[PDB]
Structure formats: C-alpha cells, structure tokens
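K.L.:
Opening piece of the complex, as it sits:
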Amino acid sequence: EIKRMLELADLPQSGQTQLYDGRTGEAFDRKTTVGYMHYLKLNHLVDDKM
Amino acid sequence: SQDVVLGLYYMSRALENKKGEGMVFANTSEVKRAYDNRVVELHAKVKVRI
Amino acid sequence: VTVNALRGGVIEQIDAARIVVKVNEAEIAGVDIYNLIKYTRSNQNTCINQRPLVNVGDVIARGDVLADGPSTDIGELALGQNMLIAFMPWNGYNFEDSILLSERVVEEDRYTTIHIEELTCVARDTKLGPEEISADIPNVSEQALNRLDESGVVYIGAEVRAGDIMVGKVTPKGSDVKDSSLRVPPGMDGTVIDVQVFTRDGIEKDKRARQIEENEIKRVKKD
Amino acid sequence: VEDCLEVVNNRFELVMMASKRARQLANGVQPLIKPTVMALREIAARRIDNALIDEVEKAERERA
Amino acid sequence: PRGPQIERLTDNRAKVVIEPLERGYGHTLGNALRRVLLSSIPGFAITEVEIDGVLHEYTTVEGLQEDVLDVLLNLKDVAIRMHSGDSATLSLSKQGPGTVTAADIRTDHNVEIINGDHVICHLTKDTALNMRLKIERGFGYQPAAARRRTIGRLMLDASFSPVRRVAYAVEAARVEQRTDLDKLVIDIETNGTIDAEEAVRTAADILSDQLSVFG
C-alpha cells in the first residue's frame, strides 16, 4: 500500500533517491532516504541546566 | 567509533570490476591527484609504488 | 483542553477571547457564551492559550470543536513540526545519536516556544517597622527608575532585562533603609503581561491597585 | 610532556621538580630560552636539574 | 564566452542558461553561484511595528479575530521592493467587517507591494486598525535580540530572503570544433522581490569583489 501510494505521485518506487552535496557540489555514491518525519521538542532545556 | 570505522571499512575494500583499474601509479601523491578529479574509482585493483 | 459546543446553532458574535453562540429552537431562551482562556501560567511554567477557528454565520452541531488549545489542531492531536530527514553521516556531526539542524529551522519561527515565569515579592512587618513599596529608593540611578511607576510597580507590557528592578521595596534598619527590591533572574528577558496585587483588608490601596480595581469593574460591567 | 619521560625515570619526581621550579618564576627569575610550559621546556631541554634548582634556592635564601 | 539568456516559465520562478564553459568550470561555478545566492543577497523586510491600540504582543484586541502575535508572524511574508531607499514608514487603515489583505495598505511612490492578495487577519466587528511599521535593509539574517524605550513599540525578527531555493544541473552542449562542452542551467525561485538575472548579476558582482583579495 505504501509502494502504491509512492507510485501514485511523482516519486520513485524504492523511496530513496540520490542528492548532491552542498559543501562541494558533487554527487554521492549511494542513494539516501529523504522524507518527512514528525518531531517534538522536549522540556529538557539548556537554560535550566548549565 | 561507529562513524569512523564505517567509512574506513567502505574505503579499504575492493570489488571485481571498477573504472580506472589496471593502471600503474607513481606514489601516494599521484593517487591523491588522480582521485579528486574523478578519473578513477574509490576502489580498484591497481599497482602502486610506496 | 478544548471547548465544545453543548447546543449547535448560529455563531452570532466572535472575538479573540470570546465566542457567542445562539441556541436554535430545536434543543432550546438564554443563549450560551464561552470565555476562552488567554496566556496564563501552567504548572510547569508553560504558556497555554486557546484560539478559535470558526467564523461568523456558521451552523455547528452538538459535540463539535470551536477553539484549539495548546499543541492542538482542527480536531486531531499535534505535538510538533514536520521536517526533512536524510539518513547520512554528515562530517562526524551526527556521531552518537546527534542531530544536525539548518538555518531555516531557526529563522522561520519553528521551534520557539513561550515560557511564563512567575515572580513574587511580599512585604511583612518586622520588630522595627513595616516595609513599604515607595518609589524613593536610595542608591538607585535613573537607568532603572524610568521603568517604575509612581506606586513602585513596573508598567504592564514594559520590556525588562536581566538584573533590573521591577518591584521597589525598602526595609528599615536604623532615612537609612536597606534595599530589598525584587530582582530579575539572569539570562531571562521579556515583557510583563499581567500584574496582580493582593492587598490586606484595612489597608488603603495605592494608585496601581485602584487602577487594577477600576479596570476589573469596567471589564465586568462590559461583559 | 613526552620529552620529559626520557630525562627522568620517575614521573612524580618530575612533578615535584617542576613544582620546585614553579616557585621561582612567580617571584621573578629570568628564563632559560605561562610558567608551566616554560618550566617544562626548560626541563625537556636538559638544562635544569636538581643541582641548579638547589643553587637558585640557596641564592634566594641567602638574598632574602 | 557568451552572455547568459533567460527563459520565463513563471513570473515568480525563472531560469538562466550559461554556455559554453570548459571542462572543470561548470560544477564549481554553479556551486559558487548557489552558495553566494543562498548566503547573503541584500533585500527588504519588516522591522519594529508601532501599533495604536495594542499595548504589547499578548493582549486581547477587540474586533480582530483569534490572534494578536500571529498577525505579526503572518506580516513577515510580504514582499517589499524599494528604489533608492533604506528606511520607510507605512501605515494601513481598515474599518468594518471583512478580511485584511496586504494590498489594502497605504504605500509610498517607490515602495511597491508584491503579491498583495496574501491574507493578514480578519475583522469581525466595526473597529479601526492602524499599524505603523518600518522597513529596513541589510545582509544575511539578524534576530530581534541582536539588533536592539517606548513600551508601545514591539520588536520583530527580520528574516529577508529574496530567493528561496536555487538548483542547478549541467548537461552536454554541441559545438562542432571540439569534443564536449559543459552547458548548465540554474533554477532560481524568487519571492517576487528581484529578477533572476539581476540576482545573478548581483551575486557575480559580490563574488568578483570577494575574489579581489589576491589580485
């Protein structure tokens, strides 16, 4: 179902593509996984610690 | 640690047939001069002199 | 955490802190009115607020939502933000469960929360004499006396820095008084949103307490 | 710290020798070539030994 | 060498064509142009706003719907283009019900508002609204604490970026009296502020003045 949802849009089938570096501008040797993950900020701040 | 030894294992192995193999190099400086312009692969069965 | 409509109907009036709903003739004479909570202090010094989402002239049903609270969406739970993820070792920065960021996470106002810190200052009576909140404070320059009012309380919505004076208070020792003013903790800056004064019965109120009382009776007469 | 391992066999004797040398540069002594790095360089240069430290200590006790 | 052309697929996103370049120039040239275009390009943004009937950024203003500080957050998305100026004061005025758009403000002769159909807030009661704001320019990105007495003036972070994303990819050209030439295109998506060719010109001028430390 996730492969069908990936193929329904203009996305690759395997879910992983290649991307160029930002420091030099050249390409990579192995394709990486790019996506959107939901994150959350914890209450363990740095102002109350140091 | 977990980040250094992975790159050192990816760097220090070999495969069957890659581009830029079979040629003879002079020293380590010739390897560093021929690697950065992408005329040879990262791993190839070559004969160098050290 | 979110307000729910007890009886569906037509939204007559709406505001940033008040929702007026008209009860229809099916589930009916007195219409209901809701008061959304504004930026107050929670138990863990976290700012909470409720913002509405409906518009005027809408027809709602019984059990629907009207205002989303802190970390709340249109009817689903929403804790944080969605960002791009690339699993790759980037120059040894992601060494052991380490996370690299970008400039566009910071500059787009993504993970900047609001913390509310409470500070108190009491004034009791010792064996010498009672302490006052007067403005004639010795050894205080004009760089900190400009934020203080005539009553000794800093103005609402005034920007305060770390180490400034907000509540002026003197203690008599024996003309010659000792400075016991409430100081700001270091590294913390921000505006003063609410000022609450708790006075004792039998004591005459000052100008700030009278201003708070007249604003309170004007607001309660308005609602 | 690596050059001083060959001139002396005991590390604690090296620490006590550099501590006896550090009490002189604080009161004012012209160096050979932070007082810690200078004292370690004077030790590793094979110039400061246990006899010269005693000589400067006797001169300081006589010129006190 | 030849001067660059430009194709206009969309009025907000253009692309330049640079040809021809020798072997070893196209990748580093596109990388340096992307780095200069995404590092520091001067533009305009919003600054501290002086609001009439609102004390600080946490009150409850009558008539305005559902927020106070999120109006200041959504006001950062406007585009400001000025001609020979670095400081200008604008003020808007609207009364009655209806939405408040970016094109409903009172602008100057040189100050022009791009994509003024963006929503700002919503007015549900018959009330007035006068927000006097300032426009400053600079380079890079400066927060609110690094830049800075009136309690009626509120600070706001200035994050100006006339371009959003810059991408490039090389390809093979076709010249008869050679074997291969590096042809490349550069995708430039601007936020309605400056043209892509003028952005390329300013980036090339910045890199040319930065490369003058050796010669």
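P.N.:
Done, it's in. Numbers count the residues shown, from 1 in each chain, chains lettered A, B, ... in the order given.
K.L.:
Would you mind naming what in chain E lies close to chain A?
P.N.:
Residues of chain E lying close to chain A (C-beta under 8 Å from any C-beta of the partner chain) are E:27, E:28, E:30, E:31, E:34. Just so you know, the C-beta spots here come from the backbone N, C-alpha and C atoms, and that holds for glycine as well.
K.L.:
Can you tell me what sits against stretch C:10-29?
P.N.:
Contact with stretch C:10-29 is made by C:3, C:5, C:7-9, C:31-36, C:38, C:51-52, C:54-60, C:62, C:66-67, C:223, E:60-68, E:124-125, as judged by C-beta atoms under 8 Å, 6 or more residues apart in numbering or on different chains.
K.L.:
before we move on, back to that, among the residues of chain E next to chain A, which ones are buried?
P.N.:
Buried members of the residues of chain E next to chain A, scored by 16 or more other C-beta atoms under 10 Å in any protein chain shown, are E:27, E:30, E:31, E:34.
K.L.:
about what we covered before: for the residues of chain E next to chain A, which one is nearest chain C?
P.N.:
Taking C-beta to the nearest C-beta as the measure, chain C sits nearest to residue E:34 out of the residues of chain E next to chain A, at 14.7 Å.
K.L.:
Just put the buried ones among the residues of chain E next to chain A in a markdown table and tack on secondary structure and distance to chain C.
P.N.:
Formatted as a markdown table, those follow (DSSP: H, G, I helix; E, B strand; the rest coil; distance: C-beta to the nearest C-beta, whole Å):
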| residue | secondary structure | distance to chain C |
| --- | --- | --- |
| E:27 | helix | 20 |
| E:30 | helix | 21 |
| E:31 | helix | 17 |
| E:34 | helix | 15 |
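K.L.:
Extend the structure above with chain F:
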Amino acid sequence: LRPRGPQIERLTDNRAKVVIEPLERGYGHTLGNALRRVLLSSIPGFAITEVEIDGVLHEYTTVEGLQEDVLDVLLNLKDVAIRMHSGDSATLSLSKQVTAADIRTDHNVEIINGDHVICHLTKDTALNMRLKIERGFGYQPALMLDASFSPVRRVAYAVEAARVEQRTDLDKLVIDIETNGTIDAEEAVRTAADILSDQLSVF
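P.N.:
Following on from the chains above, chain F is added here:
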C-alpha cells in the same frame, strides 16, 4: 567584508601554507572549494607522456642492462617537472654511456630540478631514450604513460575558527600548496584568481 591577505608561510623549498584573514560565515569554505578545483582543472603545464626505450621493444616486463626494469624507469621519469616556452610540442632524447640533469639540453625546453635521478648505471652499459612533451590542462590516463599537466602536486584546504573582538565566530581559510618548482605558489594563486575573475566577468 574584504579581508587582508594573503599571508604566506614558505617553510620548504616547494611547499607553502597560505593563510587568509577570516571572512563571513559561508565564503571561507566555497573559496577553498573553488580554488582546489581551479588550481588543477585550469592551470596549464608540460609533462612527458610518450617514452620510447630502445631496450624494451614491446613488453614492459622483460628488460636487461640496467639496475631495475623499465617500469621503474617509467615510474621515475613520470614525476619530473618540465617548464617549457611558447612552443607546443618537441621531441627530446638522451644518450649516456643516470641523472635527469645529464639529459641533452635545449634552448626551448629546460628542467627545473637537477638532483632527482631516475636510474643507476650497470657495468658501463650505454642506454638511450626518446621522450615527448605535450601541453595539456589536466590529468590524462593511458610506451604509454600518464602525464600530470597540473603544475601543483597536491592541494588541501581547511576551515579553522578565528576569534575576533566583535563577532561570534568566523571562518579562517588555510591553503596547502606543494608546487613542483615551475611556478611560485603565490603566483599560482594569483593566476587562478585572475582566471576565476575572468570566468565570473561574463555576466
């Protein structure tokens, strides 16, 4: 913010350490990244690519009359630097009956170093060789050898944090250049900067 430079530290005879004053956050990395490519893919030079040994006719494994075999001669000969004039190509020969300074000199082709040797004589055996120098721009792979037309041997760059009295943190760029003696390191830096400015001046 234009910095002050370049501060050059020449510790060896053909190695320098160019230190640049700190710049804004972002330029100090792309400057070195562009320099390390334009110092190799743009700088022209001269190198020997065709070697004709009269001893070894076809194979490069069977050899006699010397100390080592012909592949060691090729590996020692493919590293010498040659600075030439405006002539395009020329054919060079030698006859010794061996130091690189003992080659037949010419008014058009000169060799920078004279200390680097390539062979050793064995039983006073006469040996000859035929060389060819071609003007290129980069690194060309394969009697057939490799010719490194770049005048620099190896480049390196690093971004170090430089503390100033008013800002938080800036980028101090250092450049490691090990030239082959045919060109000064500061002259090569100025030539690469002028070539990059001429390439950026098309707009």
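K.L.:
did I read that right, residue D:36 in a strand?
P.N.:
No. Read with DSSP: H, G, I helix; E, B strand; the rest coil, residue D:36 is helix and lies in no strand.
K.L.:
Test my guess that residue C:92 contacts residue B:6.
P.N.:
No. Counting by C-beta atoms under 8 Å, residue C:92 does not reach residue B:6; the two are 11.2 Å apart.
K.L.:
Run a quick neighbour tally on the residue of chain D found nearest chain A.
P.N.:
The minimum distance from chain D to chain A, using C-beta to the nearest C-beta, falls at residue D:34 (27.2 Å). Residue D:34 has 7 neighbours, counted by other C-beta atoms under 10 Å in any protein chain shown.
K.L.:
Check which helix or strand residue D:40 maps to.
P.N.:
helix D:35-44 (DSSP states H and E).
K.L.:
Run the chain-centre distance for whichever helix or strand comes after that helix.
P.N.:
Reading on from helix D:35-44 to the C-terminus, the next helix or strand found by DSSP H and E is helix D:50-62. Distance of helix D:50-62 from its chain centroid, counting by C-alpha atoms, centre = their mean, to the nearest Å, is 11 Å.
K.L.:
Can you work out which residues contact both of residue C:92 and residue B:6?
P.N.:
By C-beta under 8 Å, 6+ apart, no residue touches both residue C:92 and residue B:6.
K.L.:
so the helix holding residue D:40 versus helix D:50-62, what angle?
P.N.:
Angle, helix D:35-44 to helix D:50-62, by axes from the mean of the first three to the mean of the last three C-alpha atoms, to 10 degrees: 130 degrees.
K.L.:
now for chain G, put it on the one above:
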Amino acid sequence: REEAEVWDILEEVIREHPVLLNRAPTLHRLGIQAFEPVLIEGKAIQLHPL
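P.N.:
Placing chain G onto the earlier chains gives this:
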C-alpha cells in the same frame, strides 16, 4: 557591564591553563581527565569524539 576588553582578557588568561572534566556516574579511573579549554559560543561543552 559586558564590554569588549573583558573577552580579550578572558581569551588571554586561559591559553595553556588546563581544567578537569568528570562525568558524574563514574566507574573506572579514566572518568576524570584534563583538557586545555578553548572559548566557543553557545551553552554546551564541546568534547572530542574519541
């Protein structure tokens, strides 16, 4: 008052002056080491990965 000469004095006073670092759960004798600190930004102590 946080002038600019205070940071110059602070950068000059600790050049080869070592400090001590110690994790609060310690097991063996290598839990307390010494480093020569440098002045960085932020509110977090930077440590070598090895």
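K.L.:
and the neighbour count of residue D:34, now that chain G is part of it?
P.N.:
With other C-beta under 10 Å as criterion, residue D:34 counts 11.
K.L.:
Where does chain G get nearest to chain F, residue-wise?
P.N.:
Residue of chain G nearest chain F, by C-beta to the nearest C-beta: residue G:41 (5.0 Å).
K.L.:
Output the helix holding residue D:40 as PDB, restricted to C-alpha atoms.
P.N.:
Provided in PDB are the C-alpha atoms of helix D:35-44 (Å, rounded to 0.1, in the frame of the first residue of the first chain):
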ATOM      1  CA  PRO D  35      55.400  29.500  33.600                       C
ATOM      2  CA  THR D  36      54.200  25.800  33.300                       C
ATOM      3  CA  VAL D  37      55.100  25.400  29.600                       C
ATOM      4  CA  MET D  38      58.300  27.400  30.100                       C
ATOM      5  CA  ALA D  39      59.400  25.200  33.100                       C
ATOM      6  CA  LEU D  40      58.500  22.000  31.100                       C
ATOM      7  CA  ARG D  41      60.600  23.300  28.100                       C
ATOM      8  CA  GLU D  42      63.500  24.100  30.500                       C
ATOM      9  CA  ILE D  43      63.200  20.500  31.900                       C
ATOM     10  CA  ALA D  44      63.000  18.900  28.400                       C
END
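K.L.:
my guess is the residue of chain G closest to chain F contacts residue F:163, does it?
P.N.:
No. Using C-beta under 8 Å, residue G:41 makes no contact with residue F:163, being 9.9 Å away.
K.L.:
Between these two, which is the more surrounded one?
P.N.:
A count of neighbours by other C-beta under 10 Å puts residue F:163 above the other of residue G:41 and residue F:163, at 17 against 10.
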